[PDB]
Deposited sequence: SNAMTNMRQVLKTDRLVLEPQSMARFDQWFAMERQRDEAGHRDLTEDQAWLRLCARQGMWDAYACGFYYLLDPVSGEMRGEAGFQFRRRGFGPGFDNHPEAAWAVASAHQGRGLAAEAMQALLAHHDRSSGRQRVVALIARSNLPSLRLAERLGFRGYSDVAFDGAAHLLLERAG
């Protein structure tokens, strides 16, 4: 499980060792399912991330500052069973999120460009789930090669299912 290096980041496969640090970042993310996580919920979420790596040998990465070790966000792949059928459930699904104090600096683009280039060599068609109201993420997703193929409701809101071949 190797660490990747970009111009400004180290990307380190997620594991239990950075739990406290990752948990503080979740708490600072002003969004239901993050700001209101209990410690046991967060812990189980991170355990699942580590399980993904053990089972499929890919998953999520911490975005770290190479000098301070500061956690600037997270990005990578997950297998989920959200119920959007067989072309979406159990496929590698890309997701990313930059920490609150660290946004607007092209960190997400830079991390995902490296993850996707890497994923292309290891493997596959990659999918993503993005709210139709989230214009900047959909902008970034299109630049990364993702194309909207289906709209669904998720959390009683319109979302797109996207795919990148």
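When the deposited sequence is numbered from 1, the segments without any C-alpha atom are 1-7, 131-132, 175.
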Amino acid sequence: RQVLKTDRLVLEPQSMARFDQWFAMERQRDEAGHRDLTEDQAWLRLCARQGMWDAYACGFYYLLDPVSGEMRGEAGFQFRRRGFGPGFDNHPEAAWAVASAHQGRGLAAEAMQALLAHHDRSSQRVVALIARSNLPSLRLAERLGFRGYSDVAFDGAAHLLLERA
From here on, numbers count along this sequence of modelled residues.
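Look at the mean CA B-factor for 42-50 and for 64-72 in the entry; the higher one is 64-72. Once the C-alpha B-factors are averaged per stretch, 27-35 and 135-143 rank with 135-143 first. Per the deposited record, the Cα B-factor of residue 88 falls in the highest third when ranked against the other modelled residues of its chain. The deposited CA B-factor of residue 148 belongs to the middle third of values across its chain. Per the PDB record, residue ranking by Cα B-factor puts residue 157 in the highest third of the chain. Per the PDB record, residue ranking by Cα B-factor puts residue 106 in the middle third of the chain.
The deposited CA B-factor of residue 97 belongs to the lowest third of values across its chain.
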